[PDB]
Amino acid sequence: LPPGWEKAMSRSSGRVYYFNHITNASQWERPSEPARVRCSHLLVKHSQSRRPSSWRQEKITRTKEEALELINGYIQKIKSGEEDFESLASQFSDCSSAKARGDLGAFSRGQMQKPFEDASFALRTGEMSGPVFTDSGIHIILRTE
Ligand SMILES: O=C(CCCO)NCc1ccc(F)cc1
């Protein structure tokens, strides 16, 4: 029963699943620290972001609820294989790292905003987060190293 993870029950199907309250990931199978990790991310900003502006939009006006809907939609397409994380990050991430397919490079604890850092270090290599909230907006995080 690894830390961060809990058992839960599907409302629609009644089948057990597992949920991580640090990364907001959820999955059906029973789940399986380094100085540094490397992550990519897809950021969707909203009107309450620290700076409501990006390379995509001079004035970001979408609500925090609308931003969460967009994040949820991207997660669905990534999990179905219909779209690649890197493709969606390049097209739709409100972070300048979109130009690098979302790649932020490597970082230690104490550099990123805390909810982002905690989710990044709690992911296993290759694992992707659910929606992660920071003062910048809502993130999907992919731990690559
Ligand atoms: O430089 C890299 C990747 C480095 C090698 O892995 N990405 C560009 C970038 C990173 C963080 C940003 F906040 C904005 C842009």
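Residues numbered from 1 in each chain as written, not as in the entry; some residues may be left out. Heavy atoms only, no water. Residues with missing side-chain atoms left out of burial classes, pairs and counts.

In the nomenclature of the PDB entry, the protein is known as Peptidyl-prolyl cis-trans isomerase NIMA-interacting 1 of Homo sapiens. As deposited in the PDB, this entry carries the title "Crystal structure of the PIN1 and fragment 25 complex".

Let us now look at the overall build of the protein. A tally of regular secondary structure across the protein gives three helices and seven strands. Rg of the C-alpha trace for the protein: 15 Å, near the compact-globule value of 15 Å for 145 residues, within the 12% margin. Considered along the principal axes of its C-alpha atoms, the protein spans approximately 45 × 40 × 25 Å. (Helix = DSSP H or I, 4+ residues; strand = E, 2+ residues; numbered from the N terminus. Rg over C-alpha atoms; globule rule 2.2 N^0.38 Å.)

Here we come to the sheet that holds strand β1 (residues 5-9). Strand order in the open sheet formed by three strands is β1-β2-β3, and the pairing between neighbours is antiparallel. A single partner strand is all that each edge strand has here, and the edge strands are β1 and β3 (26-27). Two elements, β1 and strand β2 (residues 16-20), share five bridges in a ladder whose sense is antiparallel. Each bridged residue has a counterpart across the sheet, and for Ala-8 the counterpart in β2 is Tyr-17. (Pairing = 2+ DSSP bridges.)

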